[PDB]
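One line per chain: the protein sequences are B and A, in this order.
Residues 207 to 240, 244 to 267, 275 to 461, 466 to 474 (the authors' numbering) make up the first sequence, in order.
Residues 203 to 263, 276 to 476 (the authors' numbering) make up the second sequence, in order.
Where a beta carbon is used, it is the ideal one built from N, C-alpha and C, also for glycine.
To start, the structure under review is shown below, and the notes come after it.
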Amino acid sequence: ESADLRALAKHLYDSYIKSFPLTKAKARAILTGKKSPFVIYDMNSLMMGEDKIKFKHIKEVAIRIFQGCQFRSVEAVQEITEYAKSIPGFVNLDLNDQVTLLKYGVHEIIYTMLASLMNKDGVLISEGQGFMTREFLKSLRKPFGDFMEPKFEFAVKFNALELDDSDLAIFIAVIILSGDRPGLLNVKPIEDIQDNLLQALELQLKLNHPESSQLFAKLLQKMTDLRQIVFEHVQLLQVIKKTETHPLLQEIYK
Amino acid sequence: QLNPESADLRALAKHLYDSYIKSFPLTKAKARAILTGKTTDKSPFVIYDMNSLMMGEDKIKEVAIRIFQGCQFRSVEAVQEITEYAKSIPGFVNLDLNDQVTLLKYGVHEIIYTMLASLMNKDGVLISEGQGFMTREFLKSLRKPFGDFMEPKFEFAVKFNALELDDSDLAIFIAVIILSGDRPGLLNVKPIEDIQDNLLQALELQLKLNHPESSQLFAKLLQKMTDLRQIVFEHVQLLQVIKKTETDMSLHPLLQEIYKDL
Ligand SMILES: Cc1c(C)n(Cc2ccc(-c3ccccc3C(=O)O)cc2)c2ccc(C(=O)N[C@H](C)c3ccc([N+](=O)[O-])cc3)cc12
Ligand SMILES: Cc1c(C)n(Cc2ccc(-c3ccccc3C(=O)O)cc2)c2ccc(C(=O)N[C@H](C)c3ccc([N+](=O)[O-])cc3)cc12
């Protein structure tokens, strides 16, 4: 059984590597020092990064940034979908259930992985070629300035766990196979798979972090912070439905 | 398997179970004995309508307002019980006082809904220390916004009760809930976290011994936290509606104090 647990952990790791270009190890290497990324700390550096970078979706700053985040989210959704398909048992599930699990899981996964790109002072952007400051994002006009902040608070807590990519792969898989998403038709094989994934995660944390007491529990506890962050994000998405500022574009985004 | 550290963990579990029994008059064992017709305990009077509500007000020790007040009183008593219990958790009273206060303030609701599940089935809830049973439909028939108070608690309780926890499991789980290091405004997170870590080891051991053929119960239980916090938030929003719709109704200052800054 342990054999299958480690084989699973490895499979998931390889698949995570193939699906997500910018890994946590890479991101960390960039954030600490190892070809320094362009830094966006204010208006002028933003404009410079627009001209010198590849972020023009051919007019107010906060709205442009928000839309960028949108575009990148749609890409992430495709990457996560591809990863989900590699989870043993996943494609064998009822197709409606696959859709439901992805639809409810992508936000939680996006914030999880976003933590890998973040420190307390900012977030790697543009494939890791840039770094936008926390203070700059906070300085954005309301309510756009309040979007990223809760996520920095989450990431600071989450990053304290010092998980690596091989831990994260399994964790993300556990997140996808959540039996309590609304509207599931057949919960049983979902919870069966998830229980296998949770055993794999347990073994992984125990081997990879022998000195981290109850890391498994703390990680599981982080799911509360994730769901909360997702709820809050939704809550201020509703507020943006004020702000009177591409119908095909309006179609591409959920 | 038997060894020194795990012996310590079992000792902690026994301690907590013992304090739990001492602190909470109405256990899940007694609740279940009452709900399932066990001869250890007497049968409850059932309130399912206004008529039986009026018969019950006699046979038992505006309508929605009166029910809500009884619920208030009971909640106060529960805060007292949980506080008493919290003091027995090793290390809790040694923490910074303000942090003890914060921990209680945020833990009390999550615990109340957790234990409330013990008194529930899909059809209703035990009341008046188990002498009564108020049906789910009757509570749902109450005038808005009072008719929507209890439904979420029921849904949560059917889910949570699916875990089949007994009192000895709950004692540790409740201890784990109290000692959450992510409560807002904590001065000293670390010692809280060390205690919770010990409590989590204890919970893990307890579930694996008490539910051997129950795969990943520890994980499922920990995941119930999401359900708890959602319930608490919905309830708080509903109370916000209440305060504005019924300015003639008095909320208890202890409860108001728990609600301030949430
Ligand atoms: C995947 C992802 C990355 C890499 N960043 C950092 C980022 C990404 C792009 C830029 C950027 C800005 C300007 C110019 C270029 C770039 C650039 O990096 O390319 C900066 C930081 C994110 C920030 C927020 C979210 C988020 O909250 N998503 C949820 C699901 C959501 C989001 C939105 C909605 N919604 O509105 O409906 C729902 C759910 C997601 C991401
Ligand atoms: C501790 C507790 C118990 C045992 N029950 C079941 C119950 C308790 C008492 C009765 C009862 C009803 C009528 C007559 C006698 C009894 C009886 O059992 O004694 C029935 C079931 C509860 C139900 C709801 C809440 C709750 O959400 N409280 C918050 C703080 C709140 C609660 C209320 C309000 N509010 O509306 O003012 C705000 C916030 C708390 C409890």
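Within a Cβ cutoff of 7 Å, which residues of the same chain sit near residue i, ignoring the five residues on either side of it in sequence?
i      : result
A:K263 : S342, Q345
A:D251 : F352
A:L204 : none
B:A300 : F306, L318, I392
B:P366 : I445, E448
A:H466 : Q286, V290
A:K354 : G361, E365
B:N335 : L237
State the Cα-Cα distance for the pair residue i and residue j, rounded to the nearest angstrom.
i                      : j      : result
B:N308                 : B:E298 : 15 Å
residue 266 of chain A : A:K457 : In this structure residue 266 of chain A is absent; chain A steps straight from 263 to 276.
A:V450                 : B:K232 : 43 Å
A:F387                 : B:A278 : 44 Å
A:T238                 : B:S428 : 44 Å
A:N424                 : A:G258 : 39 Å
A:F360                 : A:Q470 : 18 Å
A:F282                 : A:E291 : 14 Å
B:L436                 : A:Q420 : 18 Å
A:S302                 : A:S221 : 7 Å
B:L414                 : B:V390 : 6 Å
A:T229                 : A:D313 : 28 Å
A:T242                 : B:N402 : 40 Å
residue 269 of chain A : A:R280 : Between 263 and 276 in chain A the model has nothing, and residue 269 of chain A is one of the residues in that span.
A:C285                 : B:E448 : 30 Å
A:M364                 : B:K261 : 57 Å
A:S245                 : A:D381 : 21 Å
B:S208                 : B:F374 : 27 Å
A:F226                 : B:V372 : 38 Å
B:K240                 : A:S289 : 57 Å
A:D408                 : B:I406 : 34 Å
B:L453                 : A:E276 : 40 Å
A:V293                 : B:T459 : 44 Å
B:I267                 : B:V455 : 25 Å
A:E295                 : A:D462 : 29 Å
A:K358                 : A:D396 : 34 Å
residue 465 of chain B : B:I326 : Any question about the placement of residue 465 of chain B has no answer from these coordinates, since chain B jumps from 461 to 466.
B:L218                 : B:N412 : 12 Å
A:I223                 : A:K404 : 29 Å
A:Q410                 : B:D310 : 39 Å
A:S464                 : A:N253 : 27 Å
A:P426                 : B:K265 : 57 Å
Between the Cα of residue i and the Cα atoms of the options, which residue gives the shortest distance?
i      : options                        : result
A:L384 : A:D210, A:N205, A:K216         : A:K216
B:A235 : B:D411, B:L333, B:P467, B:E351 : B:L333
A:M439 : A:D260, A:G321, A:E407, A:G284 : A:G321
B:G399 : B:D408, B:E295, B:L317         : B:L317
A:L377 : A:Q410, A:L431, A:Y473         : A:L431
B:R212 : B:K422, B:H266, B:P426         : B:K422
A:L468 : A:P426, A:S394, A:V315, A:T461 : A:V315
A:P304 : A:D210, A:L330, A:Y473         : A:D210
B:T328 : B:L311, B:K354, B:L379, B:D310 : B:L379
Residues in the same chain with beta-carbon distance under 6 Å from residue i, minus the five sequence neighbours each way, listed in chain order, please.
i      : result
B:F370 : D441, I445
B:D337 : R350
B:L255 : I249
B:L214 : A416
B:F368 : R350
B:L356 : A278
B:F347 : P246, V248, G338, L340
A:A331 : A371, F374, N375
Please list, in chain order, all residues of the same chain as residue i whose beta carbon is under 8 Å from its beta carbon, the five residues on each side excluded.
i      : result
B:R443 : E324
B:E418 : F432
A:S394 : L317, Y320, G321, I406, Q410
A:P206 : none
Quick one: complete alpha helix (DSSP H) runs, 4+ long, within the stretch 389–429 of chain A?
List check, alpha helix (DSSP H) in window: 403–424.
3-residue-minimum beta strand (DSSP E) runs that sit fully inside the stretch 293–352 of chain B, ordered along the chain:
Segments of the beta strand (DSSP E) lying fully in the stretch 293–352 of chain B: 338–341, 346–349.
May I have a chain-ordered list of the alpha helix (DSSP H) segments no shorter than 4 residues that lie completely inside the stretch 204–261 of chain A?
Runs of the alpha helix (DSSP H) inside the stretch 204–261 of chain A: 206–225, 230–237, 252–261.
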